Amino acid sequence: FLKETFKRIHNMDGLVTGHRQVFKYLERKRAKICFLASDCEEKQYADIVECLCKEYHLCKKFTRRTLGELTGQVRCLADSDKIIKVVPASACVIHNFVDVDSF
RNA sequence: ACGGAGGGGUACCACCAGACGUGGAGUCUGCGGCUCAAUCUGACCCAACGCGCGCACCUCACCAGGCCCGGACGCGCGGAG
């Protein structure tokens with residue numbers, strides 16, 4: 001599951017993408033958790049995240065495209081259908097947060 | 001319609017009887033010309049010329065130079081590595 005609330009989040013946002021955003025959201029930000037891209041371009045790219053997280057709230061899952069799905073980071077035509085390639089993301093972080101059903 | 005045709009009428013944007021003026025000097029203002037990078041334009045008998053309701057900026061159109069897109073909305077492509 002996990003595919004509807006993000007959308008409810010996104011209308012008020014809370015998810016973020018790109019390396020600069022996450023780190024600035026990793027430090028000095030209310031990082032609840034984030035579903036990573038799962039060691040894509042580089043593990044060390046994300047080992048910077050895991051090391052800091054375990055040194056300083058999240059987990060991992062293999063579903064990057066979905067990360068671009070719940071994220072409004074794909075061109076969605078008015079018909080509510082897929083158009084462009086679901087833009088892979090990785091920064092994952094969640095802020096406002098406003099899951100429990102999963103745990 | 002016109003008549004250096006005829007007959008009736010009329011009005012100080014016609015005259016008689018008079019008055020006050022203008023055109024003469026300096027100046028305010030608008031108008032053609034000359035000039036300039038530009039001296040933004042319209043209107044030319046009555047029926048254009050202190051008229052288009054006060055130009056240091058704006059007004060502002062013209063002259064010499066510089067920021068901005070404030071390119072709505074649909075199709076293809078790319079885009080958060």
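The numbers here are math on the coordinates, done by the rules we state, and not lab data. Positions of Cβ are generated from backbone atoms using ideal geometry, with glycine treated the same way; all protein chains shown enter the neighbour counts.
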Residue order, fewest to most surrounding Cβ atoms within 10 angstrom, among A:102, A:90, A:38: A:102, A:38, A:90
Cβ-based exposure ranking for A:1, A:62, A:35, A:103, in which fewest neighbours within 10 Å come first: A:103, A:1, A:62, A:35
Packing-based exposure ordering (other Cβ within 10 Å, fewest first) of A:55, A:42: A:55, A:42
